[PDB]
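Below you'll find the structure I mean.
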Amino acid sequence: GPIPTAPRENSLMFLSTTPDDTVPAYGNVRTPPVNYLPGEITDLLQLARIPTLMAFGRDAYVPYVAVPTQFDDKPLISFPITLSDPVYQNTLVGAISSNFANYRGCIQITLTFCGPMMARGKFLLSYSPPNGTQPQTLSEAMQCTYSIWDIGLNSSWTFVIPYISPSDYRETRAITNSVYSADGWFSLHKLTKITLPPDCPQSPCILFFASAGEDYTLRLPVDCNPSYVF
Amino acid sequence: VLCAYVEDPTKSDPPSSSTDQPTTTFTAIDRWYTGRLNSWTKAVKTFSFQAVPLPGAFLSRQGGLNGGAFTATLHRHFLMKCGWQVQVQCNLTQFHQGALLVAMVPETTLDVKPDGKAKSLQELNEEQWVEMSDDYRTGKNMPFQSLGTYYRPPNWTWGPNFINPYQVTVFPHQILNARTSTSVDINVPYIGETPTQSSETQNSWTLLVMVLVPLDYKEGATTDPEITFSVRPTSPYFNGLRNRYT
Amino acid sequence: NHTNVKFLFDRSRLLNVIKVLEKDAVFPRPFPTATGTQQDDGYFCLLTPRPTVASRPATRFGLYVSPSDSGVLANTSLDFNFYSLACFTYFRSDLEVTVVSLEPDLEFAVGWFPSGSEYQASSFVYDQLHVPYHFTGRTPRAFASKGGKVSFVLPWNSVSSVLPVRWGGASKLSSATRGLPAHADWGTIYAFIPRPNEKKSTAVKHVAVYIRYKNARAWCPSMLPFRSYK
Amino acid sequence: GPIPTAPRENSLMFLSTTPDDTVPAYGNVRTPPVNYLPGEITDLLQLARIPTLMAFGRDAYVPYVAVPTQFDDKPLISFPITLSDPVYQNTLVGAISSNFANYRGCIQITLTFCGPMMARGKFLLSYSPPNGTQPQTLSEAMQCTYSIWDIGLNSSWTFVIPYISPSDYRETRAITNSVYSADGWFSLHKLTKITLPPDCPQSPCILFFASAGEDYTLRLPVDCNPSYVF
Amino acid sequence: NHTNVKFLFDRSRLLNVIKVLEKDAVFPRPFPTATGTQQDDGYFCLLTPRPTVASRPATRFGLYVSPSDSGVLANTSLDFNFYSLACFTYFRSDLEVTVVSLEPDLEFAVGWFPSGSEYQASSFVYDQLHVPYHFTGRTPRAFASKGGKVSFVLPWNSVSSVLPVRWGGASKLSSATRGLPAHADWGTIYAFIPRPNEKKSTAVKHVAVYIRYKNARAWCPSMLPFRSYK
Amino acid sequence: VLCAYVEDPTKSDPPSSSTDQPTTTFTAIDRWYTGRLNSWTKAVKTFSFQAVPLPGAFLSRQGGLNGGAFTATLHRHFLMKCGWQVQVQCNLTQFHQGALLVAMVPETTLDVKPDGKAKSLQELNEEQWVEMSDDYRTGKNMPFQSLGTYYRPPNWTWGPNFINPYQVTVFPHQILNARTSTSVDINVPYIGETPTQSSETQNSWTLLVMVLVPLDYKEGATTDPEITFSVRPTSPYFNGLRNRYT
């Protein structure tokens, strides 16, 4: 006879993200084949790992950092490492990951010195953990995690920003995210004063990228910000 | 040579949307096609790009890009299916600084006047470098539909053929730096919504030369480097033989 | 694997709020449309994440800022949750449509006709009642209960192999047909109250159309939309 | 006890094309046998392949093409290859396939020269791909796909029209269907001037058919046009 | 296999919009019917794709163009989605009937009687209420819930082996019985509100009858209807 | 010989709607039945057909079609079940052009006056060729029901026994061309809604001679070819023996 079924309390409820199919209406359709198209994106972490340009206030922002010839004990640029920060809005790290809720991995800033060929000098690349006050002095930059980038064979340096966090994942749209302030600070410092040859232009430009590490992982898709369309 | 999405973009089967034999070749397939492109100066701002549509350049002859017997084969076949291979040269000396972004953008309308139909050859000489305004970032210049007097014309605020100018390095790209290289080498395969698109009206790729760092050189030093390019189709498959396009 | 393309677009989201038919419709005439054309506007939901206008595929997306009285306003739809996470060029998937009523205790019914076909726009006189020709057909006309929800999964029916998220060619000849794909749609739906035309009411009943992309496949990595700095 | 079932969001929904059975009301009926009837149509592609007459404007249309004795450099007849074109409304290709949404295959025009027996001559049969302007000149007909039909042993020629399309399937009720115009053009040209013997009638008639190839396939049934009944 | 005959006709479509009985019916008297015959018109749905008139099988199909006042209009039904794709002569299939209400929150009930049988037209007085004789019987009288849909699959019950889509003989003797098959029907249904006759209301409630041909089998290839050229 | 739907239309089992022995034969079964049919002239328009109903021709004697002892066996049995075999000859010379369409149409009412009952023998001689009007294309002349004075008579706009004249080649057919053949050869089996239909009132097939190309001949040459035919039933199965029909 009839199978006696007791329907549950969520009967006749259309839930949006129900992980199950529905009734096919117009089945038995042979779709045309798509074997000819190359480069199928199986996973959107194939595009967080592609290095895309950052932005810098000096709606006309600048992907590079000008390098003034004045030697000084303060950072040449120092932006905080937060994926809601407006130096990451138009990357592919901070634009994919802003539409999610949690991340875990290593942001990988790829540098590119776009100055002349016979430039010689060193740069210091200090990532700081989130402290109560932003590090400015080069002495305050040596004590953090650093790596010295020379303009030698390395006209392109990929400084892997570490993942140091009291939780397994981080809130990806949050200014604070943690204890008191701003989640860290990358800071490109100039270490020795830069020898630019004459009849070659002074004030070179260093071009910054922002990719993601191989262990970069995301979680919990949220409804995105639809304010790209206005 | 920056191959795109595969190990070998020369490998290409014939299209599955035809019943006839494809014209797999023509009278000179192992030669390049060199065309001029506008020179890069100091007054070029950041992100001022310059697009070369493929195969929109073989028809309009953008910068003297004479297609020889490839344009005269493209005009005599209906469906065309090739993978491109560009090579942009620019004589960056030691005395220059700056960095071009040579990419092969899939499926964009960057040769289109943010205010009309398609660009001419004189208007590509007047402006010399297309400034990345709010329209090209928001896609607000891909051509709006003539709705007619009945429908009230909506305020077009966005269009999906934009350029996000900070994300152009996702494409097959090589950065033409001042102190690593002087020329790029990009090789892309065929893409498209169909296994083969049309010939006169396809824009499956677009050569795109974007200024990331503005050119700076000392006065009296080497001035204003020229930009050339060399487009060459890899394994085309011409279908639908007919007479010359009218 | 929350960044998985087959997992990320496999969830329901709003597309359009279309009006419910109460008579035999006149499908919106193609562009350009001169004044004085008697037709039925905004009753059809062209099932596509790409921008639409007047239930036909559009090049750009356009909303209204100051909708004054002169002219007929046009139902422009867009998938806001798609393009902010559509960092690709092509996208083939099987659509799952859910039509939720926005009228208290509405008995509606959802027609459909495939990509390339057209609405059947007339009426046959059954028993001195104008029964329209969208009650019948070989295409799915799913019927809702009084206060229920219509749900079915539609296949990739179009003659294109994939749907171009970004398209640069010309469907017809040039001069303002650039970037306008013709066969990028899973079809079109429309809601109709299953009563004949002499029982046409006076109120204008709306209905909402949801979309789930079953078995999403994406190709050719491309950009994400530009976020402003204001 | 009772099996706890949670009913879905499409409960109590009668969908028209649900691929499933229903409750039998009057079962256990032995139907009378139908083994005696010959010719069971298993598949309606058994009748798209049967050559049926076409129509030609010169509601009294003409299945043949008159052949005037005037030699001329323009086609004797040239109709476009579109299955919504009114030279295909009363075939079995264009009448079966109009009630569907997509097709894929080779239209097979079967000719039949109905002139006198001692006629001698050649005909050229040029299919063109869809170009911006219809080919008229015989020089414009040689450059397309052609085949030379002699009035020799071949008083019946079956010119297989190829399938050249940028998509796997084609919209079967659409004037445009593709890039700019009209999907192709078959064109029967006369090649040498036709020797008709005296005391045998001048101006013969060539009778056209329209079958489908062996690889002709259809897809997506739609609700038909009910305007055959008015 | 979308041209498969077992697949193509296996989908629901409209047949007739019949009125719901509210008393013991008088079945429509056979043709010719003189004036003054008190009977109940249009309440019965003769389940056949062939044309009907007054719930009896008809030779031709006929609608009304200018339905003036003199005379009783006749419910003429036809399966428009059948004959446009019925390129055959004979067609045996098991019918699946679905009866959808066209009245808000109607409790109806669907009778049936087989091919060759007749309606039982009287009433028995249960508890001083005229309960008609179509509440009982050995044939399926399915009952609907308040606002529900009646659905069941009927077998090929008729004494003919197949249903002639085209028929040329004479059922009775000649002189206007040519082309009129007598036993080409799955039966007849009718809707009745399950209340006795003293609770007969004043409104005239309609209901709609759908049809699905389960296990379609077609024989003897034949024509498709003539499409005009206007 | 254009066999229909089978390899051998002579193969036919006895009907399963009888309990008696079928009269499988009669006194002359290996002979043909030749009848006249109206001559084809220049004034015959396109698609002007001429129907020969089977076995409606053996009874009314359409064109002298004498049935011998097959009509006198059909009148003495109730249910009849045979497959036909027609053969239309027409002496097309070299001096004619045109093409008949000889088909065997299943189950149509083409001998019926689009305005009454059944045609006589004089009215088949007056018109000589039935013009394909709007009625025969829309089926608007199969006989309408006498509804009576009660029901308002509907506007009969369609009937399923039409001819779509451009689709008659779906039937078992051979085209009687001017320069391939002079005679056709069609052999069809039994069809019907029952395993055997009646005898006096069945129209399971219909010989149909349709003019596809109008006849043209030079003046003084061979004029106006005659059309004959030859009907012959293959494996009949007569059931229900009774006396001669009244």
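Going by the order they are written in, the chains are A, B, C, D, E and F; count residues from 1 in each one.
By our rule, a residue touches a chain if its C-beta (ideal position, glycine included) is under 8 Å from a C-beta of that chain, and two chains touch if they have at least 3 such contacts.
When the partners of chain D are compared with those of chain E, the chains appearing in both lists are A, C, F. For chain pairs A-B and E-F, the one joined by more C-beta pairs in contact is E-F.
Averaging C-alpha coordinates per chain and comparing to chain F, the farthest chain turns out to be A. A repeat of the D-E interface exists among A-E, C-D or A-C. It is A-C, with more than half of its contact pairs matching by residue number. Note on chain placement: the centre of chain C and the centre of chain E lie 36 Å apart, centres being C-alpha means. With centres defined as mean CA coordinates, chain E is found 68 Å away from chain A.
A straight line joining the Cα centres of chain D and chain F is 29 Å long.
Centroids built from CA atoms put chain C at 33 Å from chain B. For chain B, the set of residues that touch two or more other chains comprises 5, 16, 157-158, 164-165, 167-168, 170, 191-192, 194-195, 197-198, 201.
The set of chain A residues touching two or more other chains comprises 12, 14, 22-27, 29, 32-33, 36-39, 47, 50, 55, 59, 90, 92, 95, 228-230. Within chain E, the positions touching two or more other chains are listed as 1-2, 8, 11, 13, 61, 63-64, 67, 73, 78, 80-81, 83, 87, 90, 100, 149, 160-162, 219-221, 224-226. In summary, the structure contains touching chain pairs A-B, A-C, A-D, A-E, B-C, B-D, C-D, C-E, D-E, D-F, E-F. Across the interface of their complex, chain A is touched by residues 1-6, 8, 11-13, 61, 63, 78, 80-81, 83-85, 87-88, 90, 92, 96, 98, 100, 112, 114, 139-140, 142, 148-149, 151-157, 159-162, 210, 214, 217-221, 224-230 of chain C. Residues of chain A touching chain B in their complex: 32-33, 36-39, 47, 50-55, 59-60, 62-64, 90-92, 95, 112-119, 155-156, 198-201, 203-205, 207, 209, 228-230.
On the side of chain E, the complex with chain C involves touching residues 8, 11, 13-14, 16-19, 42, 63-64, 67, 73, 75, 77, 80-81, 100, 102, 104-105, 147, 149, 206, 208. Within the complex formed with chain D, the chain F residues making contact are 4-6, 9, 13, 15-16, 46, 94-99, 134, 157-158, 164-170, 175, 177-180, 189-192, 195, 212-213, 216-218, 220-221. Across the complex, chain F is touched by residues 31-37, 41, 50-51, 53-54, 58-65, 67-68, 70-74, 76, 78, 83, 87, 89-90, 160-171, 173-181, 183-184, 219-226 of chain E.
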